[PDB]
Ligand SMILES: *[C@@H]1O[C@H](CO)[C@@H](O)[C@H](O)[C@H]1NC(C)=O
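Residue numbers (the working numbering): 7 to 216.
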């Protein structure tokens, strides 16, 4: 039976535009797509309702105002292929956020507020083949931040204020060596390299200034 604020058409449970804080009460066991987008979520809490939703393959959190995800917001979600977090307020990532997503193939993180990627912001997501970081606020990327992601084929870096200082030298190399679609991200600082693709800059000009 359909949860109160939602709409249940086939195997999709739609809980769009409902001014919602918390995931609705009795999500039917059969469900395959849970839509939570366009609500007002602030923080995703540890839930374990995903433990008994073995059919769920997609979850939509687009267009909320999520600042944090607690470890185990996704406990037992071994089935899901894609979670959409596009348009939210995440300020960074930690693998802890995604404990439980054993099969995740798609992670949309587009249009959040992530200021940097960590040497293990994405540890353990060995199955994702598309990760979008488009339109965030990323300044650098620690070395090997991506080495973990063995399945990765499309990584959208575009629309971030990359600082091409000595700290981002390595990303240049990585980009030109890993045959992986990125869109061709461009340097935003320092002034003399603005709007030049990262991968293009000579090893000599990455020079964080003393
Ligand atoms: C990145 O390298 C390892 C691998 O995850 C990690 O333990 C370490 O904290 C990171 N390096 C530094 C210097 O923070």
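Backbone N, C-alpha and C define an ideal beta-carbon position, used for all residues, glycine too.
State the start and end residues of the unbroken beta strand (DSSP E) segment that holds residue i.
{"i": "residue 41", "result": "39-41"}
Which residues mark the beginning and the end of the alpha helix (DSSP H) in which residue i is found?
{"i": "residue 181", "result": "175-183"}
Can you give me the Cβ contacts of residue i inside the same chain, cut-off strictly under 6 Å, excluding the 5 residues immediately before and after it?
{"i": "residue 149", "result": "176"}
{"i": "residue 76", "result": "51 and 52"}
{"i": "residue 118", "result": "94, 96 and 142"}
{"i": "residue 166", "result": "142 and 144"}
{"i": "residue 195", "result": "169"}
In three-state DSSP terms, what is residue i?
{"i": "residue 111", "result": "coil"}
{"i": "residue 105", "result": "coil"}
{"i": "residue 25", "result": "coil"}
Within its chain, find whatever has a CB closer than 7 Å to the CB of residue i; leave out the 5 residues flanking it on each side and keep chain order.
{"i": "residue 30", "result": "9, 10, 11, 12 and 21"}
{"i": "residue 109", "result": "84, 85, 86, 87 and 133"}
What does DSSP give as the partner residues of residue i in its beta bridges?
{"i": "residue 138", "result": "114 and 162"}
{"i": "residue 18", "result": "15 and 39"}
{"i": "residue 218", "result": "The chain is shown only over 7 to 216; residue 218 falls outside these bounds and no answer can be derived."}
{"i": "residue 66", "result": "41 and 90"}
{"i": "residue 123", "result": "147"}
{"i": "residue 75", "result": "50"}
{"i": "residue 187", "result": "160"}
Validate contact between the region 16-28 and the region 40-49 using beta carbons, cut 8 Å, 3 pairs: yes
Contact between the region 76-84 and the region 23-40 (3+ Cβ pairs under 8 Å): no
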